[PDB]
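Participant: Quick one, what's the 3D model for this:
(8 chains, ligands or ions: 2)
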Amino acid sequence: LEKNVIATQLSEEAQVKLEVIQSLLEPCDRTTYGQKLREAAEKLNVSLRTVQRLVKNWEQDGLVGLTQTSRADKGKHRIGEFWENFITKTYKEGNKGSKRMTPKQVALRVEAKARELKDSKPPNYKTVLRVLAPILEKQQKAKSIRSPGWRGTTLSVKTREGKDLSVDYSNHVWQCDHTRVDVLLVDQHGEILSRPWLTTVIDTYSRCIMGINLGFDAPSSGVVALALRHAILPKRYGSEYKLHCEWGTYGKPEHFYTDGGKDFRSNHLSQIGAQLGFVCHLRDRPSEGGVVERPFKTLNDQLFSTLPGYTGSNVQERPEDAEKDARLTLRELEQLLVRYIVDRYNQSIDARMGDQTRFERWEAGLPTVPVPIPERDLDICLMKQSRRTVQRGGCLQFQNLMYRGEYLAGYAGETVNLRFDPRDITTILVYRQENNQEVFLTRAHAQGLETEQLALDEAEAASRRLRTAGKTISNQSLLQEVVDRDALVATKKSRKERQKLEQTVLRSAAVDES
Amino acid sequence: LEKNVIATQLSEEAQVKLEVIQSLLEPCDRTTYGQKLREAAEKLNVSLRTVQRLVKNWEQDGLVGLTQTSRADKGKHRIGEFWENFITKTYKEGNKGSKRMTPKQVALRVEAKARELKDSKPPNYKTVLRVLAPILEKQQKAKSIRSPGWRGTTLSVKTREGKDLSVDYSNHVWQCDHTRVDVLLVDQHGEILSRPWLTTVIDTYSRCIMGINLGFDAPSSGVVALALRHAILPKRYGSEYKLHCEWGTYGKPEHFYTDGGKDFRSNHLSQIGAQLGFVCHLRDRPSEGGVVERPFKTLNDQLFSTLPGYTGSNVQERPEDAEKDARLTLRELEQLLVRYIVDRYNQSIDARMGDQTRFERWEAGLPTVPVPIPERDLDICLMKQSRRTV
Amino acid sequence: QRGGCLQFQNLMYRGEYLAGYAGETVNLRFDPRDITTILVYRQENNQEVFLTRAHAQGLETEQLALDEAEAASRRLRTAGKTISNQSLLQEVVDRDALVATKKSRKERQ
Amino acid sequence: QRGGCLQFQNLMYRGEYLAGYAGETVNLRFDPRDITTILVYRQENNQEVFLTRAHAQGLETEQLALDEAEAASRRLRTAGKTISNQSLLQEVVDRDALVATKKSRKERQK
DNA sequence: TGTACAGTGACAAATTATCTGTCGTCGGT
DNA sequence: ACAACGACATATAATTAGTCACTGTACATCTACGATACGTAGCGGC
DNA sequence: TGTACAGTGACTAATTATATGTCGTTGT
DNA sequence: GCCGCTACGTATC
Ligand SMILES: [Mg+2]
Ligand SMILES: [Mg+2]
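Facilitator: Numbering: from 1, shown residues only, chains lettered A, B, ... in the order given. Ligands and ions are numbered 1, 2, ... in the order given. Sure, structure below:
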């Protein structure tokens, strides 16, 4: 084991004592000790015994023997031990759970106990503040602790299962999460809508952003599936994005690492994982998600805080003009956000390295050039209805709609896996199991509405209105209920319901991409 | 105007110059004074001309003439005006409306213009911070400005009409406003309800709390009518409140001064005022009525922050246990809050005065003891249907 | 303070030209025989620059000495200490603790 | 930093008994001929007190001198400066500023 | 002239571990 | 012959612009919305 | 060993208003 | 054509 003490900058009295010690450092003759000790007593204006004591402290200890020594009672209160423990316990107990008691309130409890004990001289307010001083101080360091982070090139990710998985190359481990964007948006007229949701997908080996989905829709496994589709497929943008670089990323993960939200623990994402072959894993804590969490802070600082309609990070920062100053449509915010991610964010230097651009680290990081996946082969992203049973005459029933198709009647009594798109359920793909291998059977079409379209949400909402009204349900009556609601909304003086208008602007951006 | 300047913290070099000047205070003779200069040139390691300059700087300025004055460039920027105006106005435009542009983002706009103009020395980010520094301190100072206060027995409450009400005596001007309390309450089964609303009625002359209403109910002209009758009628509380002094406070205002809420600018309150004979007035800003707004902070600080289920003054300070740690019902919270107002708050020192309690100042401040109004004549609190036909 | 006010010996002083310095620190000089007019300085690099005279407000016309302003302040502090709530306040703070505990035992069961 | 870590010359140092001092300030002493190990001292009223040793992590085994670590640091700075806030990274800033500015629709009536 | 309470520098009074003499005692020359 | 002041040349620290290592703090679903009032327009019954 | 960017002390290079000499000139 | 009860627009805490 080891120990040492070193003097800090000497005080002026300690400097003088240093000159006296140097005056007493040379001699070898008892006569010269006596001479220089007596002149040192005169120089310090002290007794001869005092100079002897000074030399002895510098002999048995360092320069810290000729600096002053602090008192033994420094940092001990002179009030009784009962009172110091009473003040300490009263403060701590006053803060259990939701309660928040101030030192002044503690002082009132001190005075109340003093009346019970008939103590004419209890600790006053300043003494209570001093007694609680270190208790309040420690707290202020514990809240501020910095984490070292990772040093680079070697990285692993802690899962909620307690397992640590390494990250070895680009597209080894993707991560994803959603946020509100801190910007208010307007419709194509200039009336306010909502703050949109931004979903990002990001590669853990390179920190390069793989894809995004920006829209008014609340988070869902459908939103995660749209974001995976954009991440995975090769990307191209028209001149209206004004890009100078290309996003240039594509291909599919080996693992997908997420929060514990229902969106990512949904059966829909699990079916996407099993078809594309990328097992999912849940993060242990939000602090393990640093690679996906931090980019939202970076976007707030570099992008969103400069745009009209900025709402601040939270209500306490909200500019009073945030609703007076909203101007961007969703299509215009996406033009800005994609220019920023392609020309700026993915072109910045990767932290934890300093040598490499984030994209260059993705591209050089690849084990091999990934083979592009044809867009039609992302029909793996369709939801599966785990079974339906082929009724007599080849019918299937699904969400109240009745479907028939080109071969189904030969399979009556079997169970088939319907695979469907929630954006348009008027046609469904039917798959069956043969030799424990799922195979394609046919496309099934909702009888009598093959020329229409219906999202699953329209069919579900119209079905509730039919059940509430007490009317029967069939393909024609369900279709009539849907087109009648859109006609009734068209009679409204605003033609607005929040979702109908947010969907109109979102769909207008979605179908302007081509 | 007068124009004086005084030196401070003189000594560090200057004591050596001061001792030189002390040795030179008198032109003793043309023969001897020159010798004193040539001797002082041993204490300062400098020529006769440096000592003659020191003596002239002393005689024309006094003690500051010993101290080295700061350079004429101090606080000026060498980058040139173009860049100093470009940086200042870029910041200001980028923090217009809802935009909140940072100095780093301003530096990016500096590099962007310098690239357009083919400049080679666009100011560095460290110098951008320095150029924007003065206009950030101003913003921080302009938020921090303190205001003094009414001092002594004289008080003139400003209305939105620009007229000031001179508050002369107890019950001359009551004031009212509403706040959420910061505690989640539970039902009699222990399940979460909501945070109550508190209404107070304060007399401006005494700052005594003349009545309250506490409930889950919404601000309404009904809640204001209930706060008024509780303020006006004599008050009675049972022993389950454990009160040790009496809320002996009652009687009718001459004026009622309020915020712009629809409870107060309403036909119902106007019909209450016309029948009680008091005039309603509108508070010009939320800072003219500190007499009503500060009691609400005192209650957070003296009462509610020390109760279970406390929610903080805002969402960023919300104790995370508030929804799990709620215990009190509305009947407990009223039994605590009424005690606090009768035993503590109305019995504490009126802060403008320092030598009266709020209640003592109210009671002594009545121009006369008012006669209690029969509870039946508080029917005026009834709403009126104006014009229905038989 | 806003409007060019300073607080000295519990009196309030209004500066003649001081309102441009609201929120700034200043330092000030006074003759103890008559504190009714006070002299205010900006502190600066090694030097104090005279900024304005400032005048006391709300006081009587007769000139006010420093010791007299202390006298008014200690007499007023003695009244506040005399009038203070005391035992009645301690009783509230105890009974407020009790009620919380009986509810406390029922912490959602 | 948490777990008893310190940053010096861009290397990360882990202290042997240091972990209880997270969020505290410490001072530190080293021999420029070899900065693989650093001596950590607590600060007090007239004295520094020796607290514990700390060792560099993630580096090569060969003993690291101070001048050599400065060199490693300027090689990183030089490499980063080759991506010289390079023009793509700024060209966006005008167009972001000019999709805005152009859209003055906040209060446009007829 | 918002307002009024919790917290905070600047200073005075009570207490104490510590510095200084003075003399006595022990050891070295 | 001695003292004071300036014209001019010369060396000098004060101030600012720039560099770089160390570090504090937000990313972590989240205020547009609920609750009154007045003011005006409308549906069928009379 | 979370994360990565805006803001910040400690130090250094560039610019400059300013103190220091040396001598000439004027007044005494 | 006239009149008590509902319903929508606007403002403020
Ligand atoms: Mg999430
Ligand atoms: Mg109000």
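
Participant: list the buried ones in stretch A:434-450?
Facilitator: A:441-442, A:444-446, A:449 (16 or more other C-beta atoms under 10 Å in any protein chain shown). C-beta coordinates here come from the backbone N, C-alpha and C atoms, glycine included.

Participant: got the CA coordinates for it in CSV?
Facilitator: Extracted in CSV, the C-alpha atoms of stretch A:434-450 (Å, rounded to 0.1, in the frame of the first residue of the first chain):
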residue,chain,number,x,y,z
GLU,A,434,-48.0,-28.0,-47.7
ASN,A,435,-45.4,-30.4,-46.3
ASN,A,436,-44.9,-27.9,-43.4
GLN,A,437,-43.9,-25.4,-46.2
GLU,A,438,-46.1,-22.3,-46.7
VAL,A,439,-46.9,-21.8,-50.4
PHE,A,440,-49.0,-19.2,-52.3
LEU,A,441,-52.6,-20.3,-53.2
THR,A,442,-54.5,-17.3,-54.8
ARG,A,443,-55.7,-13.6,-54.6
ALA,A,444,-59.1,-13.2,-52.9
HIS,A,445,-61.3,-10.2,-53.7
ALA,A,446,-64.2,-8.7,-51.6
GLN,A,447,-67.3,-9.6,-53.7
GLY,A,448,-69.0,-6.7,-55.4
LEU,A,449,-66.5,-4.0,-54.4
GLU,A,450,-63.4,-5.0,-56.5
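
Participant: and that stretch, how far from the chain's centre?
Facilitator: The chain centroid and the centroid of stretch A:434-450 are separated by 41 Å, computed with C-alpha atoms, centre = their mean, to the nearest Å.

Participant: related to what we said a few turns ago, show me which pair in the buried residues of stretch A:434-450 is furthest apart.
Facilitator: Based on C-beta to C-beta, the longest span within the buried residues of stretch A:434-450 runs between A:441 and A:449 and measures 21.4 Å.

Participant: Okay, now stretch A:88-100: how far is its last residue from its first?
Facilitator: 14 Å (C-alpha to C-alpha, to the nearest Å).

Participant: What residues of it count as buried?
Facilitator: The neighbour-count check on stretch A:88-100 (16+ other C-beta under 10 Å) flags A:90-91, A:94, A:97-100 as buried.

Participant: Is it positioned near DNA strand E?
Facilitator: No - using C-beta under 7 Å from any atom of the strand, stretch A:88-100 never reaches DNA strand E; the gap is at least 9.9 Å.

Participant: and the buried residues of stretch A:434-450, which of them are in strands?
Facilitator: A:441-442, A:444-446 (DSSP state E).

Participant: Can you give me the distance of the closest residue to residue A:341 other than its chain neighbours to residue A:346?
Facilitator: Of all residues not flanking residue A:341 in the chain, residue A:209 sits nearest, at 5.5 Å (C-beta to C-beta, 6 or more residues apart in numbering or on different chains). Separation of residue A:209 from residue A:346 (C-beta to C-beta, to the nearest Å) stands at 6 Å.

Participant: Need the overlap of contacts for the two.
Facilitator: Common contact partners of residue A:209 and residue A:346 (C-beta atoms under 8 Å, 6 or more residues apart in numbering or on different chains): A:249, A:358.

Participant: show me where the stretch 51-200 of chain A has strands.
Facilitator: All strands of the stretch 51-200 of chain A, identified by DSSP state E, counting those that start in this stretch, fall at A:156-158, A:164-166, A:173-180, A:197-203.

Participant: Mean neighbour count and distance to residue A:403 for those - can I get that in TSV?
Facilitator: Compiled in TSV, the strands of the stretch 51-200 of chain A are given as follows (neighbours: other C-beta atoms under 10 Å in any protein chain shown; distance: least, C-beta to C-beta, whole Å):
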stretch	mean neighbour count	distance to residue A:403
strand A:156-158	17	43
strand A:164-166	13	42
strand A:173-180	23	33
strand A:197-203	23	32
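
Participant: Let me know which of those is the nearest to residue A:354.
Facilitator: strand A:197-203 (18.4 Å).

Participant: rewinding a little: as CSV, the ones in strands among the buried residues of stretch A:434-450 with distance to residue A:386 would be great.
Facilitator: Shown next, in CSV, are these (distance: C-beta to C-beta, whole Å):
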residue, distance to residue A:386
A:441, 16
A:442, 18
A:444, 16
A:445, 21
A:446, 20
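
Participant: and which of the residues you listed is nearest ligand 2?
Facilitator: Ranked by distance to ligand 2 (C-beta to the ion), these are led by residue A:446 at 56.2 Å.

Participant: Next up, the contacts around that closest one.
Facilitator: So residue A:446 contacts A:401-403, A:425-427, A:454, A:475 (C-beta under 8 Å, 6+ apart).
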